Number of protein chains: 2
Amino acid sequence: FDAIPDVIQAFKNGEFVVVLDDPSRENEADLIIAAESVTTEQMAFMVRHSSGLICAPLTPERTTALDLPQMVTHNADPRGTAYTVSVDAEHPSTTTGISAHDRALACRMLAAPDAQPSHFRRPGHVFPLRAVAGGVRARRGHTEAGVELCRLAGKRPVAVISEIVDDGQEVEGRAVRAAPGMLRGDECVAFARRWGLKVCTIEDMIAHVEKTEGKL
Amino acid sequence: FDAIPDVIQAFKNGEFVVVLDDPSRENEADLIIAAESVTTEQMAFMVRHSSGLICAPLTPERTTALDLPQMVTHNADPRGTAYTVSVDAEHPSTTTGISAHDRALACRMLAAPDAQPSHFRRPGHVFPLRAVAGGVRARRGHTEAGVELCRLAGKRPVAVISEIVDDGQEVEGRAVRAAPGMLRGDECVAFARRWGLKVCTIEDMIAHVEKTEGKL
Ligand SMILES: [Zn+2]
Ligand SMILES: [Zn+2]
Ligand SMILES: [Zn+2]
Ligand SMILES: [Zn+2]
Ligand SMILES: [Zn+2]
Ligand SMILES: [Zn+2]
Ligand SMILES: [Zn+2]
Ligand SMILES: [Zn+2]
Ligand SMILES: [Zn+2]
Ligand SMILES: [Zn+2]
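Residues numbered from 1 in each chain as written, not as in the entry; some residues may be left out. Chains lettered and ligands numbered in written order. Heavy atoms only, no water.

- Method of determination, as given in the entry header: X-ray crystallography; reported resolution: 1.0 Å.

- Looking at the PDB entry, one finds chain A named 3,4-Dihydroxy-2-Butanone 4-Phosphate Synthase and attributed to Magnaporthe grisea.
- In the PDB, the structure is listed with the title "Crystal Structure of 3,4-dihydroxy-2-butanone 4-phosphate synthase in complex with zinc ions".
- What UniProt states about chain A under its Function heading is, verbatim, "Catalyzes the conversion of D-ribulose 5-phosphate to formate and 3,4-dihydroxy-2-butanone 4-phosphate."
- Quoted straight from UniProt, the Pathway entry for chain A says "Cofactor biosynthesis; riboflavin biosynthesis; 2-hydroxy-3-oxobutyl phosphate from D-ribulose 5-phosphate: step 1/1." (UniProt positions renumbered as here; feature names shortened; annotations may be inferred.)

Printed below as a string of structure tokens:
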């Protein structure tokens, strides 16, 4: 794995980073990138290699400022994933909300310093996620990891995350993929190397934060 | 385009079909398949070639029977896309809800004749959509097209849809894709041919329905 300081630097430069949660939790790696300047072409790559459920981790302060209510009052997800209502960008260039261009625009708009509630249409195609106030030491998830990276890198408090899947193999001429799944551990590291990205674990991110904040 | 009767037959056989809405509406093609027996490998193909936002069109009767409330009370989508709260399958084989295996399972469970509200966890990773009671003649969208195909094919009243994107081209060694977009018109037909699928327009589907029901 790469050292957390090197991951922070890459994130500060607007790159995706590959972040693995604990094997006893989801045992999954997500692509994580700062939302502020995510590009159309970057988003296309994210959609291509991920589940395609593009989420935008953000702070509680952002959910209140931008008026993004939680999707459910009785959250039945085992991990308590804090989805807000979905959004599209209210902007003249948006069309149907789903393209890489439109989803990237929604992410950039959620992160803009001048963002306001009226800048977003609800519901839509991008899924903001409310990180817990305590950060990665309080909840060891990709949502907290994204917001933590934004803080550590001095970026706007909005990230973009999605899970890296194993799309399996093409079956010539047939609408199926063979042996699909989720990318795990060593495979995630190889994925990072293939694409020139830094890769780390939430466990190491927590250890980094603890150097300054101590153990929660 | 293929004739609607041939599209219905393919859908009845559990195949994906490619359905284009009007050019003056989204001008997009979605993969549409019956939810009842969607397989892991089929879902992997769908995720690979689509936006990855896997939705499950279903009837109002299903939304009431399965207790799937609308995501928002003040729907601000221009098209009124009727998203319910998201779901995962409550089943021993589900893990994180996002894999092709898990999303396919959620779809099959939404379509099962014995489905009940307790079979689903909310929120989750599959997005049910409430078709309008009037069908494709009332709202010319992919949501209505999916439910209409289920009715026409004698299937359970739950479909699965997602938009076919243009993922652009790989950029060797870089986390970007060049020239991404949405697949349109002729490209959608070529996509169908490539994968052995039937392809049609919602306009022709409406004309088919009108043979029996007249113009709304
Ligand atoms: Zn749409
Ligand atoms: Zn849509
Ligand atoms: Zn995660
Ligand atoms: Zn994730
Ligand atoms: Zn091929
Ligand atoms: Zn997750
Ligand atoms: Zn999840
Ligand atoms: Zn559509
Ligand atoms: Zn669609
Ligand atoms: Zn390559």
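Description of the coordination of the zinc ion (ligand 5)
Residue and element names in this part refer to chain A.
Stage number 1. Taken together, the protein donors to the zinc ion (ligand 5) comprise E170 (OE) and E172 (OE), at separations of 2.0 to 2.1 Å.
Stage number 2. Look at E170 and you get partly exposed, because its relative accessible area is 46%.
Stage number 3. A relative accessible area of 67% means that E172 is categorised as exposed. (Donors = N, O, S within 2.8 Å, 3.2 Å for Na, K, Ca; no water. Buried < 20%, exposed > 50% of the residue type's maximum accessible area, 1.4 Å probe, protein only.)

Brief notes about the relation of the copies chain B and chain A
Put simply, the two copies of the chain differ by a rotation about an axis and a shift along that axis.
Stage number 1. Least-squares fitting of chain B to chain A yields an RMSD of 0.0 Å, with the transformation described by 0.0 Å of translation along the axis and a rotation of 180 degrees. What the rotation and shift describe, once combined, is the action of a two-fold rotation axis. Residue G52(B) of chain B places its C-alpha closer to the rotation axis than any other residue of that unit, at 1.9 Å.
Stage number 2. Comparing contact sets, 100% of the residues at the interface of chain B also lie at the interface in chain A, consistent with an isologous, same-surface contact. (Least-squares fit on C-alpha atoms. Contact = heavy atoms within 4.5 Å.)

A look at the environment of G168(A)
Residues and elements named next belong to chain A.
Stage number 1. With respect to the helices and strands, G168 occurs in the loop between β7 (165–166) and β8 (169–170).
Stage number 2. Placed ten residues apart in sequence, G168 and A178 show a C-alpha to C-alpha distance of 5.1 Å.
Stage number 3. The residues contacting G168, other than those within four sequence positions of it, are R177, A178, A179 and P180. (Helix = DSSP H or I, 4+ residues; strand = E, 2+ residues; numbered from the N terminus.)

Quick look at the packing of aromatic side chains
Residue and element names in this part refer to chain A.
Stage number 1. Scanning the model with the defined rule gives seven aromatic pairs over all chains in all.
Stage number 2. Residues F45 and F191 carry aromatic rings whose centres are separated by 6.3 Å and whose planes lie at 45 degrees to one another, so their mutual orientation is tilted. On the criterion of sequence distance, the pair formed by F45 in helix α2 (residues 40–49) and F191 in helix α6 (residues 185–194) is long-range, its members being 146 residues apart. The pair formed by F45 and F191 is uniform in burial state, with each residue classed as buried. (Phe/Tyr/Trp six-rings, centres within 6.5 Å; stacked < 30°, edge-to-face > 60°.)

So, the UniProt feature "binding site: D-ribulose 5-phosphate" in chain A
Residues and elements named next belong to chain A.
Stage number 1. Residues annotated by UniProt as "binding site: D-ribulose 5-phosphate" correspond here to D30, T81, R139, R140, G141, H142 and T143.
Stage number 2. With respect to the helices, strands and loops of the structure, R139 is situated in the loop between β5 (120–130) and α5 (142–152).
Stage number 3. Using a relative accessible area of 15% as the deciding quantity, one classes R139 as buried.
Stage number 4. Apart from the residues lying within four places of it in its own chain, the contact partners of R139 are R25, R79, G80, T81, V132 and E144.
Stage number 5. Of note, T143 is situated in helix α5.

A word on the interface of chain B and chain A
Stage number 1. Every contact between the two is made by 51 residues of chain B and, on the other side, 51 residues of chain A.
Stage number 2. Taking both sides of the interface into account, the surface hidden between chain B and chain A amounts to around 4100 Å²; carbon and sulfur atoms contribute 67%.
Stage number 3. Summed over the shared surface of chain B and chain A, the result is zero salt bridges.
Stage number 4. For the side of chain B that touches chain A, the secondary structure elements donating two or more residues are α2 (40–49) and β5 (120–130) of chain B.
Stage number 5. No other element matches the seven residues that α2(B) contributes to the side of chain B that touches chain A.
Stage number 6. Tallied by class, the residues present in the side of chain B that touches chain A amount to 21 nonpolar, 15 polar and 15 charged. (Buried area = accessible area lost by both parts, 1.4 Å probe. Salt bridge = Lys/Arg side-chain N within 4 Å of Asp/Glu carboxyl O. Nonpolar A, V, L, I, M, F, W, Y, C, P; charged D, E, K, R; others polar.)

Concerning the packing of α2(B) against helix α4 (residues 100–111) of chain B
Residue and element names in this part refer to chain B.
Stage number 1. The geometry of α2 relative to α4 is characterised by a closest axis approach of 8 Å and an angle of 110 degrees between their N-to-C directions. Viewed along their axes, α2 and α4 adopt a mutual orientation that is roughly perpendicular. Where α2 approaches α4, its residues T40, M43, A44 and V47 are matched on the opposing element by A100, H101, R103, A104 and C107.
Stage number 2. In terms of residue class, the contact of α2 with α4 is made up of six nonpolar, two polar and one charged. (Axes fitted to C-alpha atoms, helices over the stretch in contact; angles between N-to-C directions. Parallel < 35°, antiparallel > 145°, perpendicular 65-115°, else oblique.)

Some words on the pattern of salt bridges
Stage number 1. As enumerated under the stated definition, the model contains 18 salt bridges over all chains in all.
Stage number 2. The closest approach of N and O atoms between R151(A) and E148(A), which form a salt bridge, is 2.7 Å. Here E148(A) and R151(A) lie together in helix α5, a separation of three residues that amounts to about one turn.
Stage number 3. In this structure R151(A) comes out as partly exposed when scored by relative accessible area, which is 48%.
Stage number 4. Since its relative accessible area comes to 8%, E148(A) is described here as buried.
Stage number 5. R62(B) is the salt-bridge partner of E61(B), the closest N and O atoms lying 2.8 Å from each other.
Stage number 6. Looking at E61(B), the relative accessible area reads 47%, which means it is partly exposed.
Stage number 7. Look at the salt bridges and you will find they share partners, linking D21(A), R25(A) and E26(A) into a network.

Re the UniProt feature "binding site: Mg(2+) 2" in chain A
Stage number 1. Taking the numbering used here, the UniProt-annotated feature "binding site: Mg(2+) 2" corresponds to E26(A) and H142(A). These annotated residues cover 117 residues of sequence, and their C-alpha atoms lie no more than 9.8 Å from one another, placing them together at a single site.
Stage number 2. Filtering out sequence-adjacent residues up to four positions away, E26(A) remains in contact with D21(A), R79(A), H142(A), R184(A) and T96(B).
Stage number 3. Here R25(A) takes part through its side chain, which lies 3.0 Å from a polar atom of the side chain of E26(A).
Stage number 4. Inspection of the secondary structure puts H142(A) in helix α5.
Stage number 5. Accessibility expressed as a relative area gives 4% for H142(A), which makes it buried.
Stage number 6. When neighbours within four sequence positions are excluded, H142(A) is seen to be in contact with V19(A), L20(A), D21(A), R25(A), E26(A), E28(A), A29(A), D30(A), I32(A), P57(A), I161(A) and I202(A). (Polar contact = N/O pair within 3.5 Å; in protein donor to acceptor, adjacent residues only side chain to side chain.)

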